[PDB]
């Protein structure tokens, strides 16, 4: 034929990356799939190809134990975790903690929460202004997961605002000092709340887990109790919020797919799968450590290195998804790493899908003329190597439905 070559170098975790990371991710899969990142907190490797990410998630040589950084002999002297969360642990501890809490997020248990969710969603849709510009993140995307997780756990939703500040400090790329403060406040708050729970119990998870703790220290230590609370609280809001944000923006930017869902509202399940694929809310999985030398797409990652798996990146891999940049809500897809894979698979996957489906299906039913109240390039993203997430979303809700 006849051709010319275009080069284009994209910012990785600075500048434009926060605005739109996908072109950066797309260059990575094709030319640099296993990439050492000189972050100012030392090297952290990034895997961007689907196959590779998938295999890594079940590769037993890839531990959640930070002591793999330190030489063999120093592993005894040090704690297994910064905080005894199951997401930061390998089996057998992980197994024990996940088994405790498993039943409480069972598929069908979450399914019967759906009417409650739908109520909460409608409650805000009944209460939002018809003409003004509203922030959809803080007034809608935030609320639904926060409120739901709080009612589930037994947290006074009076404190929504309080802990969510500390929560977004831990999730965003904050100074190491800033995060310590937040964890201390979270830990401190949750310790106090659990104490107040010894005096007066409810039906919710914390009450239940508290009893298991007190009655069988080997099943759940006090520290594991608090840390388990920190995790469900945090994974409570800071993930679904961005499924709802990203999922909404996707429809606003793709009038054709918006159209499809308006004519067949039952496409909502299929759509939520596509949103999670198309703009994955958890962009990179939390850090994994090499327990020993590994090799992916022909690149060795030494023993004792940190490793992020590129979730947002991998779900746009052509090798897995035909035409991966097309937003197609009609897809009947399987696999997809947005929720993880293997023994650490998202505990709230079903809950999250329900929140997504209701939050978005209801919003687009109740408000046909919903529109961005700003330019696409005016929207601001949180700087986080863990969530792809909007800070705010100015929109006009427009009139309601007849």
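Positions refer to the first chain, counted from 1.
Across the two stretches, 120-128 and 305-313, the PDB entry reports the greater mean Cα temperature factor for 120-128.
Between the stretches 169-177 and 210-218, it is 169-177 that shows the larger average CA temperature factor. When the C-alpha B-factors of 343, 351, 53, 37 are read from the PDB record, the largest value belongs to 37. Across 97, 244, 235, 157, the entry's maximum B-factor at the CA atom is seen for 157.
Among all modelled residues in this chain, the alpha-carbon of residue 392 has a temperature factor (C-alpha) in the middle third.
Sorting the modelled residues of the chain by their CA temperature factor places residue 333 in the middle third. Looking at the C-alpha B-factors along this chain, the one for residue 82 belongs to the middle third. In the PDB entry, residue 369 places in the highest third of its chain by CA B-factor. Sort the modelled residues of the chain by CA B factor and residue 356 lands in the lowest third.
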